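Quick notes on the structure that follows.
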């Protein structure tokens, strides 16, 4: 009787009503906002669920402008956003001349998720 | 009796009413917003579920403008967005002249998800 | 009796009423917004489910403009969008002259999902 | 100019979704049960309206009777009724012999609903 | 100018979703039970309206009777009723012999609802 | 100018969602039970309205009776009723022999609801 057993038994994640990520290699830029888990059980009442609650009867308004000159108004801009480069500008002249303002340029990645290097020698007679 | 058993048993993820990602290699840019999990059980009542709740009777308004000159108004722009480059500008002259403002240029990736390198030698007689 | 068993048993993911991705290699740009999972059980009541809730009786309005000159108005632009480059501009002259503003140019990818390299030697007599 | 005006102006009752009786003379026996007025306005719920609500999984039952003698069982009799005289009896001998148990015998009624006795004398010349 | 005006202006009752009786003469026997007025306005809930609510999993039951003699059982009888005379009896001999147990016998009524006795004398010349 | 005005202006009752009786003459026997007025306004909840609420898992039950003699059982009888005379009896002999137990016998009524006796004399010339 001779038995040489090899078994790379692999199973994924178990998710039950949620946000789930595994084992990650080479994650350069990541963004994951407002991934909320809510369990609401209500009987004979009112439930209000809120993550971002704004109540503003007057918000970011501009007044009356009789006869002004060269006014600049940028209200409530670039709100709840991402990756904004050289944007929403207000001027008379905008000149871009350099070799700059470069984002995420020329990366070199050599990644591996799972590396298994096994040697199984047995049952010599 | 001689038995040499090899079994790379592999099973994926188990997801039950949710957002689920596995084991990732070479993830350069990632964005995943407002992936919410909600379980609502309601009896004899009111449920309000909210992630982004804005209630604004006056929002980002411009007033009356009798006879002004060269006014710039950018209200509520670039809102809840992504990857905005040199945009929503307000000027008289916009000049782009450089060798710049480059995004995510010339990456080199060498990635592997799962690497199995096995040697099974057995049952010599 | 001699048995040499090899079995690369592989099964995919199990998804039950949800958003599910597997094991990914070479993911350069990713975007996945408002992928929500909702389970609503309601008896004798009102349920309101919301991820992005805006209630604005006046929003991004422009006032009356009697006889002005060279006014610029960009209200509520670039909203809930992606990949906006040199756009929604407001000017008198826009000049693009450089060798720039390049996005995601000239990547080199060498990726593999699953690599199995096995040697099975057995049952020598 | 001479005017002698007589007007016995008479109008009946005004009923709006209800039970209404007028002015009654000579009412000997009266019975009016479960004359209910209900106004039900329902939105997103359950309404249960009940005047006489009985919920009885075992009610007025008789058990098993092996070999008894001369048992009398009168369960749940004379229920929600009226004018029951010498009834639902249980015996071996019932003898009625008298000049009695008389109900509502030999009434004398002299009634009037409305009596108007008027004398109009006028305009003598 | 001479005016003699007579007007017996009479109007009945005004009923709005209810139980209404007028002015009654000669009311000997009266019974009016469970005349209920209900106004139910329901939103996002449960309403239970009850005047007579009984919930009895075991009610008025008789047990097992092995070999008894001359047992009398009258459960839950004469319930919510009226005018019950010499009834639901349980015996071996019932003898009625007298000149009695008389109900509502030989009334004399002389009634009037409205009596108007007027004399109008006028305009003598 | 001569004016003799007579006006027996009479109007009935005004009822709004209720139980209403007028001016009564000669009311011998009266019974009016559970005439309830209810106004229920419900939002996001449970309302339970009850006038007579009984909850009894075991009520008025009889136990097991092995081999007894001459037992009398009258459970939960004459419940919520009226005008019960010589009833629901349990015996071996019931003898009625007298000239008695008489209810409401031989009344004499002389009633009037409204009596108007007027004399109008005027305008003598």
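Counting starts with 1 at the first residue shown.
Positions of Cβ are set from backbone N, Cα and C atoms, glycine also.
Residues or ranges marked as active site by Swiss-Prot: B:31, B:48. Residues or ranges marked as substrate binding site in Swiss-Prot: B:97. The annotation disulfide bond is assigned in Swiss-Prot to B:2-B:123, B:26-B:111, B:60-B:76, B:72-B:90.
Long-range C-beta contacts of residue B:31 (active site), restricted to its own chain and to partners at least six residues apart, with a cutoff below 8 Å, comprise B:82. Taking the Cα of residue B:76 (disulfide bond) as the reference point, the closest of the disulfide-bonded residues B:2, B:26, B:111 is B:26.
For residue B:2 (disulfide bond), the nearest neighbour among the recorded positions B:90, B:97, B:111, judged by Cα separation, is B:111. Each residue contributes its Cα atom, and for residue B:26 (disulfide bond) and residue B:97 (substrate binding site) those atoms are 34 Å apart. Each of the disulfide-bonded residues B:72, B:90 was scored by the number of other CB atoms within 10 A of its CB, and the lowest score belongs to B:72. Annotation note: residue B:90 (disulfide bond) sits in a strand segment as assigned by DSSP. Of all the recorded positions listed here (B:48, B:60, B:111), B:60 has the Cα closest to the Cα of the residue listed as 'substrate binding site'. Taking the Cα atom of each, residue B:72 (disulfide bond) and residue B:60 (disulfide bond) are about 14 angstrom apart. In sequence order, B:2, B:4 make up the list of same-chain residues 6 or more apart from residue B:123 (disulfide bond) whose Cβ falls under 8 Å from its Cβ. Cβ packing within 10 Å was compared across the disulfide-bonded residues B:2, B:26, and the lowest neighbour count falls to B:2. Comparing C-alpha positions, residue B:90 (disulfide bond) sits nearest to B:60 among the recorded positions B:48, B:60, B:111. Residue B:60 (disulfide bond) falls outside any helix or strand according to DSSP and counts as coil. Sequence-distant neighbours of residue B:111 (disulfide bond) (same chain, 6+ residues apart, CB-CB distance under 8 A): B:25, B:26.
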